[PDB]
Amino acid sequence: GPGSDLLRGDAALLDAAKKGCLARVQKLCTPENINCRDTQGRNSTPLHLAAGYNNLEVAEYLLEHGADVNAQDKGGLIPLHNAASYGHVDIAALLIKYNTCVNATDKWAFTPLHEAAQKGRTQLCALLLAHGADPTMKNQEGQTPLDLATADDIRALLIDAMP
């Protein structure tokens, strides 16, 4: 019935966005499911998955068809957090071009710069800083991105950017 049809379609769109299969994304996307959610996992949208799994053209396709650049998963992450976590520079630059909030905060008040700093993503850190990421922001535990950084190159980068 229409209900199970919608369920099958949502799941197939999320899978296609994770795998980067643009032909399936084009076929299955609708204005009603563009921001559908992986309810069995992190409640990610197709754009979260395209960002996290480094599928740039699927990501821009989703953005060009109304994907919410500031949609939050169950932890408060927006897709820029996923790109920051895994170091996907071109994805992050695209999300910034589509007016994402560079200093967005998740449920623990981590910003994308906290995420890139903790995960060792040096060029992503530099990109975020060049677009106004604030290295003085503390998460809920009181930690700046520098406090989370363990790599020499990222620590040097953040120390330079901080007052």
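Residue indices: 1-based, along the sequence shown.
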53-61 or 108-116, whichever carries the higher mean Cα B-factor: 53-61
Comparing 89-97 with 75-83, which has the greater mean CA B-factor as deposited? 89-97
Can you tell me which of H48, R121, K138, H131 has the maximum CA B-factor listed in the PDB entry? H131
Sorting the chain's modelled residues by C-alpha B-factor, tell me whether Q40 ends up in the lowest, middle or highest third. highest
Relative to the other modelled residues in the chain, which third contains the C-alpha temperature factor of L28: lowest, middle or highest? lowest
Assigned third (lowest, middle, highest) for the C-alpha B factor of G9: highest
